[PDB]
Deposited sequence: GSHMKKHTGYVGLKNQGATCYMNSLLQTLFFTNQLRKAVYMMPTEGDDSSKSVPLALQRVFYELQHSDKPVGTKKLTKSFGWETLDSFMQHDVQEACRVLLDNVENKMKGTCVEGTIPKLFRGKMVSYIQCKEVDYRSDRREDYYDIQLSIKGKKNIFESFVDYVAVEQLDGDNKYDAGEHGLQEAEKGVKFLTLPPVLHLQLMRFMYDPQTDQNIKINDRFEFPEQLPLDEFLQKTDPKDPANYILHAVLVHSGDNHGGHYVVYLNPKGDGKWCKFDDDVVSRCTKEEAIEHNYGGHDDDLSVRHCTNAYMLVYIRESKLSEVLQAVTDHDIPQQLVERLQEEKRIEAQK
């Protein structure tokens, strides 16, 4: 079987959402390196998500056999008889990155996560019938992209930044003018080195009174130019992005299975990570075959995409070696192994 060089994660049934997230984050090498620097020496291993992440990453980097995540599963606390076994990968990402970001505060790696993942946008509001305007600048760590009726990522970004009308039951509260018809638009101010895109493949269906998955065709490219969605571009640093990961969901809102396709080095050499099995695949198998629209294939398609900015790729994907793992952490982990 074609050499991949990468190890999988054990299939414990419900673990797939977290396994797919872990591979995605493990191959965000600059993040992996910072995770190894977190000061977990005093952490309670039964409680510490940060130590459990260090352990998983260490084993992904060193093991020749599928890696277990039991201590992460336990400390993260999501798969339980009172909280469901199957989970959303973007939810897990938001919660895991917040946990690690907090742990890095006050340390030599503080700020790593916002430096990698956080961007800024601005919302503008202008009233139509009175002279009243406002704006508001806000941070984001991922972008929710609408897909219904949109053919591709470009169209979704076009719609994201397009002017919309605030009227009817959605009039704007214009201070002492009260509710006013207004125009509202959003523009990106910065886009981060590592860009997480959440495809909103779901809707409420009033006909059946329930939420359903949208399995429609929606295309995304290997190379993604985003300068046109910025308020102001930088001629020395165009917002050109390169596809790194495709997190694929099969099923419906209420259950299914996750895998992740990655080209870890950003070089177009893709592999499929399906729990314990890592296999080489073609670009088409990672990209076009996850566009949706086949009417299991009919409900298998991309849900989360990871792009890396071309100018940041060599730093984000910098090599990670044993020189990057503190000896104190190596010793703690080997201590655990020997004890069993």
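Within the chain's deposited sequence, the coordinate-free stretches run 1-4, 300-303, 349-351 in sequence order.
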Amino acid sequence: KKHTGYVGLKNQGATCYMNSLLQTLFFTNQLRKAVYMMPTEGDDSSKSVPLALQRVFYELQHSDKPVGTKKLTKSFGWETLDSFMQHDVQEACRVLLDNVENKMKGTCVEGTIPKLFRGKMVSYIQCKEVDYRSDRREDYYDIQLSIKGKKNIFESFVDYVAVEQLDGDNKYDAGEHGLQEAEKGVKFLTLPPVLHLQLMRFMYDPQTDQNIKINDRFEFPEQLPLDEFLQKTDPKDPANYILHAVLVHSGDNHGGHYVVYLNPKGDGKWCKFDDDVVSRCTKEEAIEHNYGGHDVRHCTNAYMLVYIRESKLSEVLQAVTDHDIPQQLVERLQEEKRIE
From here on, numbers count along this sequence of modelled residues.
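For the pair 131-139 and 107-115, the mean B factor over Cα atoms is greater in 107-115. Remark: stretch with higher mean C-alpha B factor among 140-148 and 167-175 is 167-175.
If you compare the C-alpha temperature factors of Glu222, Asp88, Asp205, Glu183 in the entry, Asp205 comes out highest.
Residues shown: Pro264, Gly251, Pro238, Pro192. Highest C-alpha temperature factor in the entry: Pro238. In the PDB entry, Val316 places in the middle third of its chain by CA B-factor. In the deposited entry, the Cα temperature factor of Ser48 places it in the highest third of its chain's modelled residues.
Among all modelled residues in its chain, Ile287 ranks in the lowest third by Cα B-factor. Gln61 sits in the middle third of its chain by CA B factor, as recorded in the PDB entry.
In the PDB entry, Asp276 places in the middle third of its chain by CA B-factor.
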